[PDB]
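Asker: only geometry, no sequence info:
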Ligand SMILES: CCO[C@H](C(=O)NNCc1cc(OC)c(Br)c(OC)c1)c1ccc(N2CCOCC2)cc1
Ligand SMILES: [Mg+2]
Ligand SMILES: [Zn+2]
């Protein structure tokens with residue numbers, strides 16, 4: 001009950017900033033997550049015994065792939081912690097509870113392959129979940145872990161709070177399917193600009209939480225340049241493996257996934273910042289003004305990829 005996690009001084013300070021990197025020490029990541037849940041939610045939100053057992057089972061169900069791994073899960077959870085901490089009064093108790101868990105679980109059992117590759121391979125998950133294939137799997141895996149003896153961190157919720165929190169998590173995890181982000185953002189953009197955006201309207205809140213999920217999921221583009229540039233290597237390591245696996249099915253992959261087309265990456269990065277990242281953090285910042293540091297960092301990284309193209313690095 002009276003047992004806080006405490007971090008060394010430098011982490012205690014920098015964990016509060018959007019651009020925090022969780023570090024190369026894997027054994028500190030469970031503690032960093034519990035710290036964030038205690039400050040975001042409270043010491044009371046979860047039985048520590050049950051939370052620790054949940055965290056360790058989630059970690060076991062992330063695979064040893066270059067990007068869609070345990071480090072990504074915790075990184076995406078930290079970006080949500082920082083949004084939630086800078087927007088204290090906008091979010092219910094259930095939402096703070098659900099959203100940190102959803103971010104931790106949102107890529108559970110990822111194999112390093114897109115929804116597209118599962119469909120072309122004719123993977124069994126693609127027959128079972130014809131859209132948002134991996135994300136429906138990630139939610140399926142979150143529910144399975146929650147039902148292991150000892151792992152039900154929501155045990156002290158009432159029956160209807162429990163239904164609400166699993167519904168928050170389901171929607172939050174489905175929204176990390178980037179194919180859905182484009183229309184979600186367009187709708188939020190119209191709503192904000194015509195002044196119809198209403199955070200008491202559940203369907204509106206759902207959309208705002210979806211955009212928060214995309215912003216957290218993409219948050220490697222909001223880090224200091226050296227972190228963003230080194231993370232891009234892991235992201236492309238997966239893309240190029242999937243490219244190779246497309247060529248093995250006798251499909252020419254898109255250039256982004258072709259390791260023979262590495263020279264095209266810096267221009268690919270501009271496309272990605274201008275069509276996905278910048279607009280995501282721009283709309284987020286219009287809806288949640290204190291998340292402006294994520295947009296400012298994203299703009300700095302765009303300017304760094306511009307320098308790469310101009311051979312200034
Ligand atoms: C099967 C690949 O699909 C990915 C995806 O669904 N997510 N991409 C995530 C991603 C994250 C990221 O950093 C956190 C970086 Br850097 C990144 O780099 C490309 C991609 C995707 C990549 C580029 C686009 N373009 C981009 C150009 O405009 C249309 C959409 C659309 C989808
Ligand atoms: Mg995902
Ligand atoms: Zn993710």
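Answerer: Now that the structure is in, tell me what you want to look at. Numbering: from 1, shown residues only. Ligands and ions are numbered 1, 2, ... in the order given.
Asker: for this structure, list the residues in contact with ligand 2, please.
Answerer: 107, 176 (C-beta under 5 Å from the ion). (Each C-beta comes from the backbone N, C-alpha and C, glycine too.)
Asker: need the residue closest to the centroid of the chain.
Answerer: In the chain, the centroid-proximal residue (C-alpha atoms, centre = their mean) is residue 217; its distance is 2.6 Å.
Asker: that one reaches residue 73, doesn't it?
Answerer: No. Judged on C-beta atoms under 8 Å, residue 217 makes no contact with residue 73 at a distance of 10.4 Å.
Asker: what is in contact with those two at once?
Answerer: With contacts defined as C-beta atoms under 8 Å, 6 or more residues apart in numbering, the residues adjacent to both residue 217 and residue 73 are residue 106.
Asker: do you know how far residue 30 is from residue 58?
Answerer: Separation of residue 30 from residue 58 (C-beta to C-beta, to the nearest Å) stands at 9 Å.
Asker: comparing those two, which residue is more hemmed in?
Answerer: Taking other C-beta atoms under 10 Å, residue 30 and residue 58 do not tie; residue 58 has more neighbours (22 against 18).
Asker: contacts only, for the more buried one.
Answerer: Residues in contact with residue 58, defined by C-beta under 8 Å, 6+ apart, are 73, 104-105, 108, 145.
Asker: mind checking the SS state of the nearest residue to residue 225 once chain neighbours are set aside?
Answerer: Using C-beta to C-beta, 6 or more residues apart in numbering and skipping the chain neighbours, the partner closest in space to residue 225 is residue 304 (4.7 Å). Under DSSP: H, G, I helix; E, B strand; the rest coil, the three-state class of residue 304 is helix.
Asker: neighbours of residue 304, how many?
Answerer: Residue 304 has 19 neighbours, counted by other C-beta under 10 Å.
Asker: wait, it touches residue 228, no?
Answerer: Yes. Using C-beta under 8 Å, residue 304 and residue 228 qualify as a contacting pair, with a distance of 7.4 Å.
Asker: OK, now which residue of the stretch 151-300 of the chain is nearest to ligand 2?
Answerer: Closest contact between the stretch 151-300 of the chain and ligand 2, by C-beta to the ion, is at residue 176 (4.6 Å).
Asker: show me what contacts that residue?
Answerer: 106-107, 135, 138, 213-214, 217.
Asker: just the buried ones from those residues, in ChimeraX syntax?
Answerer: The buried subset of those, as determined by 16 or more other C-beta atoms under 10 Å, is captured in ChimeraX by this line:
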select :106,107,135,138,213,214,217
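Asker: residues from the stretch 51-200 of the chain in reach of ligand 1?
Answerer: The stretch 51-200 of the chain has residues 114, 116, 178 near ligand 1, with proximity defined as C-beta under 6 Å from any ligand atom.
Asker: go again using 8 Å as the cut-off
Answerer: Contact residues (C-beta under 8 Å from any ligand atom) of the stretch 51-200 of the chain with ligand 1: 114-117, 177-179.
Asker: now, of these, which are buried?
Answerer: Buried among these (16+ other C-beta under 10 Å): 114-117, 177.
Asker: taking those residues together, which two end up most distant?
Answerer: Using C-beta to C-beta, the two most remote members of those are 117 and 177, lying 14.3 Å apart.
Asker: what's around residue 24, how many residues?
Answerer: Residue 24 is flanked by 7 other residues according to other C-beta under 10 Å.
Asker: got phi/psi on it?
Answerer: phi -90, psi 0 (degrees, to the nearest 10).
Asker: and for the one 4 residues further on?
Answerer: When quoted as degrees, to the nearest 10, the phi and psi of residue 28 stand at phi -90, psi -10.
Asker: OK, contacts around the nearest residue to it once chain neighbours are set aside?
Answerer: The spatially closest residue to residue 28, leaving aside those adjacent along the chain, is residue 22, at 7.6 Å (C-beta to C-beta, 6+ apart). Residues near residue 22 by C-beta under 8 Å, 6+ apart: 28-29, 32, 71, 74-75, 78.
Asker: would you format those as JSON lines with neighbour count and secondary structure included?
Answerer: Below are the contacts of residue 22 laid out as JSON lines (neighbours: other C-beta atoms under 10 Å; DSSP: H, G, I helix; E, B strand; the rest coil):
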{"residue": "28", "neighbour count": "16", "secondary structure": "helix"}
{"residue": "29", "neighbour count": "20", "secondary structure": "helix"}
{"residue": "32", "neighbour count": "20", "secondary structure": "helix"}
{"residue": "71", "neighbour count": "18", "secondary structure": "helix"}
{"residue": "74", "neighbour count": "23", "secondary structure": "helix"}
{"residue": "75", "neighbour count": "22", "secondary structure": "helix"}
{"residue": "78", "neighbour count": "22", "secondary structure": "helix"}
